[PDB]
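Data first, discussion second: the structure below is written as structure tokens.
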Amino acid sequence: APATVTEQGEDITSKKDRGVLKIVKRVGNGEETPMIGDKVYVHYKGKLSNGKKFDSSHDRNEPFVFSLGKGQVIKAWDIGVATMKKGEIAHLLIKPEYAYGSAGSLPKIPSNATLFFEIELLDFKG
Ligand SMILES: COc1ccc(CC[C@H]2OC(=O)[C@@H]3CCCCN3C(=O)[C@@H](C3CCCCC3)c3cc(OC)c(c(OC)c3)OCCOc3cccc2c3)cc1OC
């Protein structure tokens, strides 16, 4: 799955340095995508592509909530979720420069960590 994005994934970085690659796995409704400051509701699965940690919001039987484009998540999420429609599910492969960089985030993330996410956008509100 990490390797499929590497092949077919769209580069959605401004720089166009392939730091955030994205495939749509399920198409959402309408055309509308969230705006900066929108409250965003998602389920996700994430892992360290070359690593031994796996996290899912489904574990905690409730959606992950955050405010879009306000630094509250890694760069990739602010860039990635911004491009998603209500009910869309997308896959993201993310180089470390758009995640936790060379520092990582001991304990859960190491240095130079490449991240993969499956994200489902449930809802967003202004
Ligand atoms: C510039 O450096 C940073 C940029 C952003 C952040 C905020 C971390 C943020 O988490 C995330 O952005 C992403 C996507 C949003 C949900 C969870 N996230 C994760 O990366 C997970 C990882 C993803 C798979 C590997 C192991 C768990 C992930 C899950 C985690 O457990 C729920 C987790 C975590 O902490 C680093 C990452 O630790 C608990 C914190 O939960 C939150 C809550 C709000 C936002 C996030 C996590 C910290 C930074 O430095 C440390």
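Neighbour counts run over all protein chains shown; Cβ positions are idealised from the backbone, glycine included. Nothing in this text is a laboratory measurement; each read-out follows from the coordinates by a stated rule.
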Q: Please work out if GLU88 is of a type in the set (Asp, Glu) and buried (at least 18 other Cβ atoms within 10 Å of the Cβ).
A: yes
Q.
Quick check on my filter: what residues within the stretch 1-21 are outside any loop (DSSP other than H, G, I, E, B) and either more than 24 Å from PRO96 (Cβ to Cβ) or out of contact with any helix residue (DSSP H, G or I) (no Cβ under 6 Å at 6 or more places or on another chain) (or both)?
A. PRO2, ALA3, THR4, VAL5, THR6, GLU7, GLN8, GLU10, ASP11
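Among the residues of the stretch 6-48, how many are farther than 19 Å from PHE116 by Cβ and among the acidic types (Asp, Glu)? Break it down into steps so the answer makes sense when it comes.
Keep residues of the stretch 6-48 that are farther than 19 Å from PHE116 by Cβ, which gives 14-16, 27-41.
In the following step, the residues that additionally are among the acidic types (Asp, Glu) were identified as 31-32, 38.
Residues flagged as farther than 19 Å from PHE116 by Cβ and among the acidic types (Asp, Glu) within the stretch 6-48 amount to 3.
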Q. For the stretch 61-77, how many residues are under 17 Å from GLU120 (Cβ atoms), more than 8 Å from the ligand (Cβ to nearest atom) and out of contact with any helix residue (DSSP H, G or I) (no Cβ under 7 Å at 6 or more places or on another chain)?
A. 3
Q) What is the number of the single condition among (1) without any contact (Cβ under 8 Å) to a residue 24 or more places away in the chain; (2) within 10 Å of the ligand (Cβ to nearest atom) that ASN112 does not meet? A) (2)
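At positive phi and either surrounded by 14 or more Cβ atoms within 10 Å (Cβ to Cβ) or over 14 Å from the mean Cα position of the chain (by Cα) (or both) - does that describe any residue in the stretch 34-41?
If we filter the stretch 34-41 for residues that are at positive phi, which is where we start, we get 37.
Right, trim to either surrounded by 14 or more Cβ atoms within 10 Å (Cβ to Cβ) or over 14 Å from the mean Cα position of the chain (by Cα) (or both) and you get 37.
So far as the stretch 34-41 goes, yes, one or more of its residues are at positive phi and either surrounded by 14 or more Cβ atoms within 10 Å (Cβ to Cβ) or over 14 Å from the mean Cα position of the chain (by Cα) (or both).
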